[PDB]
Each structure stands twice: as C-alpha cells, then as structure tokens.
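Q:
Chains as they are written, first to last, in the UniProt record's numbering: chain A, 2 to 251; chain B, 1 to 199; chain C, 8 to 127, 134 to 241; chain D, 2 to 205; chain E, 2 to 240; chain F, 382 to 429; chain G, 44 to 263; chain H, 3 to 234.
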C-alpha cells in the first residue's frame with residue numbers, strides 16, 4: 002500500500018521542490034491576465050479560452066469573481082479548483098466581516114488563502130492547487146492594490162501584473178511603457194489594449210475574445226465596473242487609429 | 001458594585017475608575033488598578049464577576065496585540081468593541097458564561113473619540129455618557145444636568161469633581177480614591193490621582 | 008528501493024535502528040567515568056567558527072538537581088528526550104516525595120526510545142550518557158537508540174570511541190579518585206580531538222555525594238588544564 | 002419577562018403600492034434608560050428592510066448572522082434576494098436554535114424586486130412565519146399597536162396617509178407603554194425612493 | 002490522516018530531508034547580521050526586485066515583539082508560517098509571565114517546532130534558516146540562527162544564503178573589535194560585508210537596526226547610499 | 382540594458398541576441414547596429 | 044385551532060380554521076394549516092406552529108426525494124413511519140399534532156399522530172384545542188360510506204361548531220378533498236363572519252404630525 | 003479507511019492531469035448524446051442501444067429529473083452516473099429546505115461541479131468518467147449546462163457529447179440558429195442523433211426528454227414513436 006504512493010511532497014534531489022514547479026508549468030498554459038493600477042481606479046484584463054460560437058454568455062460574469070463588495074479576482078489555471086478557492090475565500094472574507102463588522106483588508110485575505118495553499122503543499126501527499134490568481138481591491142489604509150498568488154503560497158504586491166506564459170513579454174512591455182502614476186482612465190485602458198493587442202497573437206483583437214473590468218472609488222458605493230462590449234469596440238477603434246497615427250513616423 | 005465613569009467630549013474621552021478591591025466586608029486593597037491598555041489609543045476598564053476581569057483582559061488584550069503585530073497597524077475602536085461584544089455573545093450561551101459589565105474607550109484618527117457600553121448580556125451601545133452599578137443611579141442625574149456636547153476638558157474635570165462630591169455625600173460605600181485618565185490625539189495621558197483627605 | 012520502515016532484516020536485526028547506530032558515529036565524542044567519590048564526565052564541543060559563540064553550545068544538560076546527562080550527534084532529538092525525562096522525574100518526586108533513581112529514569116526513557124510508527134515516526138538518533146548519585150552510590154548509565162540500556166563503569170561514545178574505550182581500559186581500575194579521573198579523561202580528549210585543547214573546547218560535569226550538585230563554571234577548567 | 006428586559010416595539014404596515022416600517026429608539030436596562038439612538042431596523046439590500054425586537058443581544062447577533070448569510074447568498078447568486086427567500090432564511094436560522102432559542106421577533110418589510118408588490122411578515126422566537134396584508138407587530142406593547150392598526154388602517158393608502166396613520170399609531174401605542182419610548186424612527190419606502198423621518202415623540 | 006514516515010534514516014547515517022533541505026536555504030537570498038555592543042544591525046541582500054513595482058510586501062525582515070527582530074533565508078512561505086506561529090507564541094508568553102519575551106525562549110520554540118515537525122508523520126521539513134536578533138533585559142545584545150535540523154545556535158556574525166562561505170571568510174579577516182566601537186561603523190561594517198557580497202547597487206540592500214531601547218527602524222535608501230559613498234571614499238583613502 | 386533584461390540568461394541567449402541583431406542588421410544593408418535591433422532580437426529570442 | 048379529518052366512500056375530507064392565536068390575542072386572521080406532502084398526501088398541523096411547519100417540510104422533502112428516486116406514487120404508511128420515528132426520536136419535545144391523509148394504491152388512509160409518537164388509523168379524527176366539539180358533531184352525525192357533499196357538509200358543520208364554541212378557534216374555514224384522480228383545495232368555503240363598516244372616518248391630514256429629520260435616496 | 007488519503011492524481015512533467023485526460027477519453031468512448039436550447043424549452047436526447055433483442059427498455063432510464071423542472075442526461079458510464087445523480091438529488095433538497103424555493107440550475111451546476119472537483123482532489127480515488135448535460139426552465143429563460151470530469155462547466159446553445167461529438171458539433175454549427183420551437187429542436191436533435199447511430203432507430207433506441215416553462219416533462223415511447231414519421 003506504499004508502492005502505489007506518489008510522494009508529491011518530498012523534495013527532489015536536484016535541490017528544489019518537484020511537484021511545485023510542475024504546478025507552475027501547469028499555470029503557464031491556458032491563461033493570460035494583467036491589470037494596471039496607476040491612480041483613481043484599477044482594472045483587470047482577460048482572454049477568452051472558450052471563445053467558441055456556441056456558448057451563452059448568460060452568466061453576467063466570466064473569469065472575474067466579485068468576491069466581496071470591494072475585491073475581485075482573475076483566474077488562470079484549472080478552473081474548478083479556483084471555484085473551490087473562491088468559495089473558501091469569499092467565506093473567509095465574510096466571516097471576517099461577521100467577526101468585526103468592518104470590511105476585510107486585502108493582505109490578510111491574501112495571506113489566509115496563501116496559508117490554505119501552503120497547507121496543502123506541506124503535508125500529506127495531496128495534490129497542490131494548480132491556480133494562480135490576481136487581486137484587485139480597496140482598503141482604508143492604502144487605496145487601490147494588486148496582488149499575485151502563486152501555488153507555493155508565496156505572494157507579492159505589484160503595480161502591473163502577470164500570470165500566463167504569454168505575458169512574460171507583456172511584463173517586458175509593461176516595463177518599456179512604464180508610467181509614474183498616470184491612470185487617467187483612458188491612458189491605462191489604451192495601454193492595456195495595446196498590451197493585449199501585441200502579446201496575444203490573435204490578429205486585431207476581436208472584442209468578444211477579451212474582457213476588461215474596472216474598480217473605481219465612490220464615497221458610498223465602491224462600484225466594480227464589469228464593463229460591456231461597445232466601449233471595448235470603440236476602444237479598439239481608438240487604439241487602431243492611434244497605431245495608424247504612430248506609424249506615420251516611418 | 002462600584003462604578004467607574006467615562007465622560008465623552010468633542011475631541012477627548014474622560015475615563016476614570018476606583019482603587020477599591022472588595023471582599024467579605026473588608027477593603028483588601030486601596031490602590032487597585034482597573035486599567036488595561038489595549039493599544040496606544042484604546043483603553044479598557046472592567047467590573048463584574050472578579051475572576052473574569054483579568055481573563056477578559058487576557059483574551060481581548062492579547063488578540064488585539066496579535067492583530068496589531070500581524071497586519072502592521074492599530075484597530076479602530078469600533079471593531080475592537082464589536083470584537084469584545086462578539087466574544088461575550090459567544091460566551092453567553094454555553095456552560096461557561098462570563099459576568100462583566102464594562103464600557104470601552106477608544107480614539108480614532110478619523111472618527112475621533114468613541115465611547116462604547118457593555119452589559120452582562122453583551123449589548124453594544126454608543127453613548128455620550130454611560131454608567132453601570134449603583135453609582136450609576138446617583139450620578140447620571142448630575143451628569144445629565146450639566147452636559148454640553150461641546151464642553152472643554154477642564155470643565156469636564158470640574159464636572160467630575162462635582163460628580164465625586166455627590167458620590168461621597170449619600171452613599172453607603174467608602175470610595176476614597178479615584179484614578180483618572182484622558183485620551184487625545186497624542187495618546188494616553190494620565191491625569192493626577194483624585195483623592196480626598198479623610199482626617 | 009523503498010521498503011517499509013518497520014522491516015527486519017534477512018539476517019535478523021531491523022534496518023532503521025541499525026542505521027541509527029550508524030548515525031551515532033558522526034557525532035562528537037564524550038567520556039564519563041564512574042568513581043566511588045562521584046561521577047565525573049567530559050565532552051567535546053567541536054567549535055567550528057570564531058563567529059560561533061562558544062558558551063552557547065550545550066552538551067551537558069541538567070535533568071535533576073542530582074542526575075546529569077550528556078548528548079551526542081543530533082542535538083534536537085536529544086532535547087525532546089531531555090525535556091520529557093525531566094518531566095517524568097518531576098512526576099516521580101511529586102507523587103512519591105522522593106528521588107527517581109537513575110535506572111528508573113532511563114527505563115522511562117527507553118520505554119519510548121522505540122515507539123516509532125505510522126499510527127498511534135522515525136527512530137531517534139542520539140546516544141546518551143546518564144550519571145548522578147542515587148542511594149546505590151554513584152551511577153553511570155548508557156543507552157542507545159535501540160533502547161538496549163546497560164550500566165557502564167566508564168563508557169566512551171561516538172566518533173572516537175574505539176581508541177577511547179581501549180586507552181580507557183588501559184588507565185582505569187576500580188579504586189580511582191576524582192581528579193585523577195578528570196585529568197585521565199581530558200588526556201584522552203586531547204588525544205582524540207582535532208583542535209588545540211584550551212579554555213573553550215571542552216566542559217566537565219561532576220556530581221558527588223559530598224559536592225552535592227553537579228556544578229562546573231568556567232575557569233576552574235583553566236586550573237585543571239594548566240595542571241597537564 | 003425576558004422579553005420585557007429591554008422593551009422594544011416594531012411595527013410594519015402595508016400601504017397601496019408602498020410599505021412603511023417603524024420602531025422605537027429607546028435602549029436601557031428594565032427601568033434605566035441608556036441611549037436614544039439604538040438601531041433596530043436594518044437595511045438588507047435595496048428597498049427591503051428588517052426589524053428586530055426583544056433582547057438586544059439576540060437583535061445584534063441575529064442581525065449580523067443574517068447579514069453574513071445574506072451577503073453569501075447575494076454573492077453566490079448575482080441577483081438580489083426575493084422576500085419569501087429572506088423569510089425562509091430567517092426561519093431556518095432561528096430554527097437551528099430550536100432548544101437554544103434567541104429572544105427576538107423579526108419583522109420583514111420590503112418591496113418586490115421585480116414588481117412594486119409590497120410584502121410584510123413576522124416570525125416567532127422559534128421560526129413561525131406569518132404573512133398578512135395589513136400589519137404585523139412585535140414587542141412588549143403588542144395590544145396597543147393591535148388596537149391602533151385595527152382602528153386606523155385602510156386598504157388602499159397613498160404614502161402621505163400611510164405616514165400619518167403609522168405615525169399616530171406608533172405615537173399613541175408607545176405613549177401608553179412604559180418601558181418603550183424615547184423617540185420614533187419611521188422608514189417609508191416606495192418603488193422610486195426611500196424616506197426616513199423621525200417624529201416629535203414624548204421624551205419622558 | 003497520512004500515516005506515513007516521510008524522513009527515513011540513510012544507510013550511512015543521515016536524514017535525507019534535513020541535510021537536503023539545507024540546499025533550499027543554500028539557494029536563497031543572502032542576509033548578514035552583526036551585533037554591536039549597543040546598536041544591533043542586520044539586513045538582507047539580493048532582493049532582486051523588478052525595480053519598478055511595490056516593495057512593502059516583499060519585506061524579508063519583520064518582528065514578533067517590540068523587542069525581537071527577524072531575518073531568514075530559503076523559501077519565503079515556510080518563513081511566513083513559522084513567523085505566524087512565533088507571533089502567537091510570544092504573545093501567549095506575554096499572556097502568562099509579565100516580562101517582555103526573551104529571545105532565547107523564542108529561538109528554542111522555533112527550533113523545537115522545527116524538530117518535532119521533522120520527526121512527525123509525513124510533514125515535509127522546513128527549508129528555511131532564520132535569524133533572531135533581540136536584546137532582552139539589562140540591554141544585552143544577542144543573536145541566534147536556526148537550521149532545518151532545529152539547532153538554535155548563538156553566533157557573533159552571520160553567514161547564510163548564497164555564497165555564505167565567502168561572506169564568513171570576509172568576516173573572518175574582518176573580526177576587529179574596533180568595528181563594533183562606533184555604531185555608525187558597525188552599520189558601515191554590515192554595508193562593507195554585503196558589499197563584499199553581491200552587486201550591492203544600493204537597491205537590494207535592505208537593512209534595519211534597533212538601538213535596544215526602541216523598535217526596529219527600516220532605513221530609507223538614501224542614507225544607505227551615503228553609507229556606500231563614504232565606504233567608497235574610505236576605499237579610495239586606502240590607496 | 383541587456384544584462385537586466387532576463388534574470389537567468391546564459392551565454393546561449395547572449396550569442397543568440399548578438400547574432401540575431403546582426404541578422405537584422407544585414408537585412409537592411411547596414412554595418413552598425415542600433416538599439417531597436419537589440420530590442421527586436423530580444424523579442425525574437427526570448428519570448429517565442 | 045381545530046382541525047378535523049374524515050374518510051367518505053372514496054377519499055378524504057380535511058378541514059381547518061385559520062386563527063393563529065399567540066397566547067390570548069388573535070395574531071392572524073388568515074393562515075394555512077393544510078400543508079403539502081406529495082401530489083396525493085396532505086397533512087394538517089396543530090399546537091406549536093413552527094414545529095409542525097419544519098417537520099412537515101422535512102418529511103415532504105424526504106418523500107419527494109423517495110418518490111423521485113423510485114418513479115411511482117408514494118405510500119401513506121411510509122409517511123406515517125417516518126413521522127413516528129422522528130417524533131419518537133425527539134422524545135415528545137417537539138409538539139406537532141398532525142393529521143395525515145392520502146390515497147394510495149390501497150385506497151384512502153387517515154392517520155392521526157400525537158406528538159410523542161403514538162399513531163392511530165381511524166376513519167375520522169379531530170385534533171387541536173377545540174377538537175372536542177368537532178368530535179362531538181362527528182359522533183352525532185356520522186354514518187359509514189358517506190358521499191362527497193355529505194362529508195363536506197359534515198366537516199364544515201364540525202369546524203363551524205368548533206369555531207362557534209372554542210376561544211382559540213375562529214376564522215374562515217379551509218377545506219380539502221383528495222380522490223384517486225382529483226385534488227381540490229378551497230380556502231374561502233363559507234366565510235361566516237362579516238365586519239361592520241366604520242362609522243367614523245378617523246383619517247389624518249397631510250402634515251398633522253411634526254417631523255424632525257427627513258432623508259431622500261433615489262433609485263432606478 | 004486505512005490512513006492513506008493520498009491523491010493518486012499527479013501533474014505531468016509538462017503540467018497535465020493525466021487521469022483527467024484519460025477520463026475525458028473514457029467519456030469520449032461512451033454513448034452519444036445531444037441537447038439543444040431553443041427559445042421556449044430545452045430538449046435532451048440520448049442514444050440507448052440494447053446489446054441483444056432480449057433486453058428491456060422499461061428498466062433503465064437515461065433522461066432523469068432532478069427536481070420537477072430540471073432534467074439531466076449524460077455521456078459516459080451509468081455506474082458513476084447514478085451515484086452523482088443521487089448526490090444531486092440529496093443536494094437539491096437541502097437548498098429547498100433552506101430557502102423553501104426550487105433551486106436554480108446555475109446553483110445546481112455550481113454545487114455539483116464543486117463536488118466533482120473536490121472529489122478529484124481527494125485521495126486514493128479515481129475521477130468520474132461522466133459528462134453531464136443539465137437543463138431547466140428557471141425564471142423564464144431556460145438554460146443548458148454541460149459539465150466534465152475535470153470539474154469544469156460551460157453554458158451552451160446546442161452541443162453534443164460522446165462518439166462523433168466533433169461530427170455532431172459540426173452539424174450543430176450549421177443546423178442550429180437562435181430561434182426555434184420545441185418541435186424543431188426535436189427535429190434537429192433526432193437529425194444529429196441520426197448522424198451517428200445505426201440505421202434502425204425506433205421508439206426504444208432513442209429516449210428523449212423536454213422542458214417547458216410549465217415544468218419538466220419526460221416524453222414517452224408513444225410520442226417518440228409518433229415523432230419518427232418522416233424521420234429526422
């Protein structure tokens with residue numbers, strides 16, 4: 002009864018963990034997200050993996066999961082493990098609100114989920130969670146935030162994020178087009194449109210294959226704007242006219 | 001048994017207590033301290049069943065220190081008060097209840113001062129001036145006579161002087177010395193110990 | 008080729024306990040000597056770095072006010088057992104108003120020297142030298158990972174125990190004194206250690222019926238070493 | 002009794018196209034009042050309130066528990082909650098403590114989320130629902146508010162006569178009561194907007 | 002649950018996972034720490050940041066009490082777990098005995114947890130190595146390190162992370178008592194040791210000190226720049 | 382600018398970029414190699 | 044509360060009165076004690092209301108589950124066995140005075156359940172506080188194998204006598220008829236009481252009450 | 003039961019869940035099916051061949067109701083199908099206990115997908131070899147939800163699962179549209195089932211259930227025999 006045992010916890014004799022890296026290489030496929038925090042708001046971007054013509058789009062949601070009033074998360078990896086994670090995460094934030102009657106700050110939420118993931122990395126032989134996922138949100142102490150979960154339990158705040166293997170060049174692009182706090186909400190959207198236009202190899206970026214949701218700060222509302230498709234269309238037209246204006250320099 | 005008063009101001013909180021430790025019929029200790037510093041701007045006093053007071057200080061005090069050391073910053077007074085109410089409300093319907101009756105005193109940078117008010121049945125309250133005990137009765141008329149929401153702190157000290165002068169006038173108890181704190185934007189300031197010379 | 012950890016041998020022994028007896032051998036040496044005046048004991052610290060502050064390494068730890076000890080090899084597996092042995096001696100003096108004798112201490116330890124298993134994990138990796146003065150005079154005791162506990166009159170352990178036992182049987186007899194045994198131990202030490210013998214390398218622990226508690230502060234070690 | 006430990010009165014009244022819920026403000030320990038700003042009517046989403054009366058411990062506890070389950074439900078399903086669903090949720094939450102009962106009498110008053118249909122109901126301390134068309138009451142001074150609403154109610158009511166009727170009912174039924182007084186808060190809601198008025202009650 | 006023994010002894014007398022989980026420490030960031038006599042100093046090198054993002058979340062130096070300070074190496078998640086448990090333990094000690102928590106107690110707790118963690122049924126050993134610097138009662142600066150085996154072990158200066166042999170060789174030829182005379186010089190000594198370590202651009206040089214009657218102060222990376230500048234000035238004055 | 386680019390580049394990546402930039406150079410009949418040659422070579426070697 | 048049941052020549056006639064008293068005060072004038080179990084089996088409750096409600100909803104859930112698992116019509120004896128086993132497991136703490144009726148393949152079957160777990164099969168039962176009067180009316184004017192309208196008149200007469208006698212009874216009278224094919228359910232059967240129209244319009248005016256603090260919050 | 007509790011599910015060297023890929027292959031080796039949503043109702047249809055002429059068609063049922071308004075078919079192995087059907091049964095009744103309201107189909111698919119995903123993580127157990135097609139008419143708009151062994155789920159306008167799902171799907175892309183009636187849905191469903199089955203398709207080789215807004219309805223072999231006049 003031990004020769005069948007798969008040993009997904011014991012270190013490898015190369016020097017690192019073994020199953021952890023392969024969960025990372027399971028992150029690398031089927032997924033490509035980022036967001037752009039650079040004032041008054043923060044956004045998320047997403048690629049349709051099932052962009053087939055025979056779906057319904059009746060969920061009024063996609064990759065985004067509004068997990069509270071003031072936080073959502075973008076998924077990349079195996080989807081339904083993340084549903085297990087979103088249910089547990091939503092329930093964690095809601096029990097915190099039950100305990101204090103004040104909304105949940107974003108880093109102890111992230112560290113709670115990171116301790117859950119490390120709890121299945123550390124002991125037993127259980128299969129690790131093959132899900133990395135993002136975080137947007139608001140607090141009383143820092144404003145708008147961005148966080149990067151990893152299947153190890155390691156996290157890290159960013160100002161311009163990355164999950165999927167197609168988006169490492171996006172991080173190169175985010176550095177080459179880095180701004181010091183300039184999110185008028187049209188500049189950041191045009192930059193995100195430019196990034197997803199270049200990094201995905203889908204020619205000219207059909208707007209049904211993308212997804213953009215924003216989070217702005219209102220006094221009593223903290224609205225999360227999972228925006229509709231027409232503004233995405235005119236955003237694509239704006240960016241393609243600006244690419245035609247930009248290649249007048251040749 | 002006794003009562004410790006908690007007068008709230010515009011931008012300060014005036015809390016006080018006794019130095020009295022009851023027994024069978026004897027006053028065992030005449031320099032007792034009921035003050036439990038939760039954080040840099042949140043105090044806590046406790047009166048009730050006298051075995052539960054120290055352990056409440058243990059539970060609440062140490063879990064607030066855990067939050068402060070974990071996340072990097074101080075609680076609001078409101079969330080701390082609600083957390084105390086939650087642990088009371090959970091501890092009520094069991095085989096082991098706690099019997100305490102104390103109000104909570106905090107100060108936010110944004111919300112400013114805040115006064116809360118418990119009971120032995122875990123009820124929250126947001127009060128301008130509150131009370132418990134038997135000194136409650138003889139003192140809230142005097143306090144509700146001379147109250148102005150925009151009152152200065154030396155007037156509050158004089159009002160507390162007056163309130164004590166009506167505590168030593170028609171009471172069946174001793175109550176010789178009272179300690180007095182104040183909370184401001186600067187933190188915890190200890191005022192002088194308020195006694196009367198007897199002989 | 009990974010078998011079950013609770014498998015005996017084709018020859019008979021076990022495996023993992025035998026590998027524990029192998030795992031003793033890398034550790035540092037130690038020498039204890041029973042004398043009727045009292046039990047003396049010595050050890051080597053094996054100081055590695057000058058950045059390594061020397062007075063913090065524990066080899067002789069204290070079980071009771073009259074029961075001493077020394078550890079070997081792995082440090083922290085020994086620390087658990089030292090803590091628990093102390094607890095059980097405190098239980099004996101409490102429920103009995105008397106001193107748990109050293110044999111009863113070591114019976115209580117080697118009751119769970121091997122309770123290693125998957126339910127109800135690995136075997137421990139430390140050799141222990143137990144001393145003290147009970148009612149039966151001085152006692153010197155030695156256990157192993159396998160729980161095979163025996164009395165020894167002057168046992169030497171660990172990495173240099175071959176020449177230590179041999180040259181110890183050269184010098185030892187029944188009617189030794191205390192200080193003669195102390196310098197007789199540290200001669201063997203500075204034949205089996207690698208570094209120069211000085212004030213910081215070794216540490217002693219002697220417990221007597223007269224010198225009632227095991228007490229050994231620094232710089233009487235200087236007076237003992239300059240007597241060589 | 003344990004119901005008469007802190008006083009309390011919650012009235013809900015169905016109008017023509019709108020619904021009005023009101024409660025008292027007083028908080029205190031059997032004969033000693035404490036404050037005049039204790040909240041007993043909670044918002045549960047838009048155009049739907051709940052009122053809680055009885056022992057204040059169970060008031061705040063059940064309000065936070067219900068807010069917990071309510072936000073979990075509205076996050077598991079993107080739509081907002083129907084009032085019968087909320088009634089059944091409160092019934093299940095109270096009935097989980099069948100032998101460890103809370104001391105509260107919840108009153109739900111809200112509009113339809115799809116239409117402008119009003120809705121009122123009340124529950125007992127073990128989870129007995131009761132839907133009516135005119136009014137439900139809860140607290141110590143039951144018989145007073147019963148006399149008022151069976152005296153003054155009309156079926157088809159514009160919000161102004163609704164407001165004045167529930168105003169006179171609450172004022173008179175509270176003034177005959179002893180342990181419950183010290184101000185009245187009134188929520189008069191409709192399809193378009195939500196109005197909150199406070200009345201000039203006797204502060205005695 | 003999981004009835005198995007992960008860590009078996011070797012045929013030649015080892016624990017594979019205790020000796021081998023030190024490699025994960027060996028392939029992490031470098032961090033040094035010395036004690037002066039009145040001011041304590043430590044800091045990590047090799048943040049290896051993206052130079053264009055947040056940095057308040059990647060902080061490798063934290064505290065458990067107002068008296069004690071952290072550092073670690075290896076992978077960061079196990080450090081996060083151990084720090085959470087250590088905070089709980091030190092505050093629970095404050096619950097009981099009314100002292101500030103002694104550093105020796107919290108190091109014994111961490112090492113004891115680590116050893117009973119390696120001993121137990123199927124729990125993977127912690128591949129970290131922490132540094133626990135604090136100055137308890139009567140102002141005595143002390144500093145201990147940990148190990149995946151679970152051996153708290155008091156030192157005078159640090160050698161962990163990547164290339165710790167080189168760093169300890171520099172501290173070996175730099176054990177001058179003169180270096181711990183001037184607090185500023187001790188700070189500069191940490192800067193020079195970490196300068197004899199990695200790039201040390203003055204970007205990944207994250208250092209924090211405690212003057213033993215205050216709390217930890219994280220230094221703003223302009224003061225560290227002037228420290229590196231005066232170190233380069235003294236290096237020019239050497240010729 | 383190129384050292385900072387990849388955190389774990391080897392000499393293989395360096396040879397690949399230093400030759401692909403030359404292949405971009407002789408694509409347009411030039412001798413000297415500008416910065417955007419290295420940019421295109423970086424975006425050709427690494428992320429494809 | 045006075046519920047009754049009877050078995051005529053083909054099926055079951057159930058009745059109810061919809062005054063939900065709370066102590067001494069009429070708390071409701073229109074309630075519903077005849078509950079759903081299955082498309083053929085119904086139930087009436089008495090005594091503690093919420094206990095009857097939660098118990099009948101649990102048993103209705105379990106029998107819907109069992110019937111959908113099987114693929115046929117439920118049996119009444121299964122409902123009886125589940126109810127008596129549950130109520131005996133609660134040791135008579137839960138007060139649920141139930142009348143159980145349904146039509147199986149075997150035909151009509153009426154059961155009454157007393158809240159400890161004692162059950163009886165009867166042709167006619169009465170339960171509640173004023174059940175004694177309706178049982179008197181039944182024993183006065185019962186004959187075996189009645190027809191439909193006879194049984195309806197009898198049950199209406201019985202619950203009517205219970206309403207004109209009992210103090211916790213009295214409202215408009217619920218009826219329910221179960222056959223092999225036809226299920227009917229009729230709330231306002233013979234509404235006995237009128238109410239006098241008001242003699243003074245005591246209507247207030249737009250502003251007769253002093254207002255201290257207003258608020259307006261718009262919506263969509 | 004013994005203390006093992008270890009998941010036999012391991013990522014690949016590449017990063018792939020080999021037991022889920024194999025479970026998808028085991029789904030693909032099963033009996034074909036098709037299900038179509040068409041403005042007023044949802045039609046499910048399976049393909050139920052007896053092995054011999056001996057077998058009975060009144061014993062085993064593919065189309066199976068979960069509530070009074072929620073149908074459910076599969077394409078995989080019946081022995082796992084009945085287990086997770088029974089689980090969905092028990093699960094829907096807890097919702098109806100809590101809220102006293104019939105459960106929405108999206109909430110069913112959430113909870114069933116949570117169960118199946120949570121079970122493929124769980125230790126010493128294989129995944130299910132079953133892909134579902136869940137449907138129902140909740141709150142006016144009818145729905146259609148396909149799940150899979152990997153725990154995921156989707157929402158389709160028309161789809162297929164089983165043998166020749168690619169061929170049936172290419173027939174569905176051409177054939178279906180936005181708006182049809184229930185009869186036309188049955189027409190295109192029996193057409194695409196007739197794409198892959200054997201030549202003799204009778205009142206028993208197929209087994210068809212529909213959904214109305216008035217509730218779920220499971221059609222009989224009577225109307226199935228009525229329908230294959232001017233067949234497909």
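Idealized CB from N, CA, C, for every residue including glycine.
(1) Which residues mark the beginning and the end of the alpha helix (DSSP H) in which residue 40(A) is found?
(2) If you measure beta-carbon to beta-carbon, which residues of the region 31 to 51 of chain D are closer than 8 Å to chain G?
(3) Taking C-alpha atoms, which residue in 4(A), 41(A), 22(A) and 90(A) lies nearest to residue 134(A)?
(4) When we look at the beta-carbon of residue 229(G) and count the other beta-carbons within 10 Å, is it buried (16 or more) or exposed?
(5) Among 236(C), 46(C) and 18(C), which has the Cα closest to the Cα of residue 223(C)?
(6) With C-beta atoms as the reference, is residue 206(H) less than 7 Å away from residue 59(H)?
(7) Quick check: is the beta carbon of residue 124(E) nearer than 7 Å to any beta carbon in chain C?
(8) What are the start and end residues of each continuous alpha helix (DSSP H) run of 4 or more residues lying completely inside the region 177 to 224 of chain G, in chain order?
(9) Got a sec, what are the start and stop residues for the beta strand (DSSP E) residue 12(D) sits in?
(10) Return helix, strand or coil for residue 152(C), following the three-state DSSP convention.
(11) So, under 8 Å CB-CB, residue 34(A) and residue 44(A) are touching, yes? Tell me the CB distance rounded to an integer number of Å.
(12) Determine which residues of the region 99 to 112 of chain H have a Cβ less than 9 Å from any Cβ of chain D, and write them out in chain order.
(13) In chain H, what lies closer than 7 Å to residue 118(E) by C-beta?
(14) Can you tell me where the beta strand (DSSP E) holding residue 164(G) begins and where it ends?
(15) Is the Cβ of residue 36(B) closer than 7 Å to any Cβ of chain A?
(16) When burial is assigned at 16 or more other CB atoms within 10 Å of the CB, is residue 106(D) buried or exposed?
(17) Compute the distance between the beta-carbons of residue 89(C) and residue 68(C), then report whether it is under 7 Å.
(18) Just tell me which of 166(E), 221(E), 145(E) and 203(E) has its CA closest to the CA of residue 60(C).
(19) Which residue wins for smallest C-alpha separation from residue 58(B), given the options 94(E), 15(E), 6(E) and 32(E)?
(20) With three or more C-beta pairs closer than 8 Å as the rule, is the region 88 to 99 of chain G touching the region 229 to 246 of chain G?
(21) Tell me the DSSP bridge mates of residue 17(C)?
(22) Excluding the five sequence neighbours on either side, which residues of its own chain have a C-beta within less than 6 Å of the C-beta of residue 69(A), listed in chain order?
(23) Tell me where the beta strand (DSSP E) around residue 74(G) begins and ends.
(24) Would you call the CB atoms of residue 73(H) and residue 164(H) closer than 7 Å?
(25) Residue 424(F) touches chain A at which residues, Cβ-Cβ below 8 Å?
(26) Give the interface partners of residue 58(D) over in chain B, defined as CB-CB distance under 8 Å, in chain order.
(27) Measure from the C-beta of residue 103(A) to each C-beta in chain B and report whether the shortest distance is under 7 Å.
A: Looking at the atomic coordinates:
(1) Premise fails: residue 40(A) is in no alpha helix (DSSP H) and is neither H nor E.
(2) Answer in chain order: 47 and 48.
(3) 90(A)
(4) Residue 229(G) counts as exposed, since fewer than 16 other C-beta atoms from the protein chains shown sit within 10 angstroms of its C-beta.
(5) 46(C)
(6) yes
(7) no
(8) Taking only runs of at least 4 residues, the alpha helix (DSSP H) segments lying wholly in the region 177 to 224 of chain G are 191 to 208.
(9) 10 to 15
(10) strand
(11) So it is not a contact: roughly 11 Å between Cβ atoms.
(12) 99, 100, 101, 102, 103, 106, 108, 109 and 112
(13) Within chain H, no C-beta atom comes nearer than 7 Å to that of residue 118(E); the closest sits roughly 19 Å away.
(14) 161 to 164
(15) no
(16) buried
(17) yes
(18) Just measuring C-alpha positions, the residue of 166(E), 221(E), 145(E) and 203(E) sitting nearest residue 60(C) is 145(E).
(19) 94(E)
(20) no
(21) Paired residues: none, contrary to the question.
(22) 94
(23) Here residue 74(G) belongs to no beta strand (DSSP E), and DSSP marks it neither H nor E.
(24) no
(25) 170 and 173
(26) Per Cβ cutoff of 8 Å: 89, 92, 121, 122 and 123.
(27) yes
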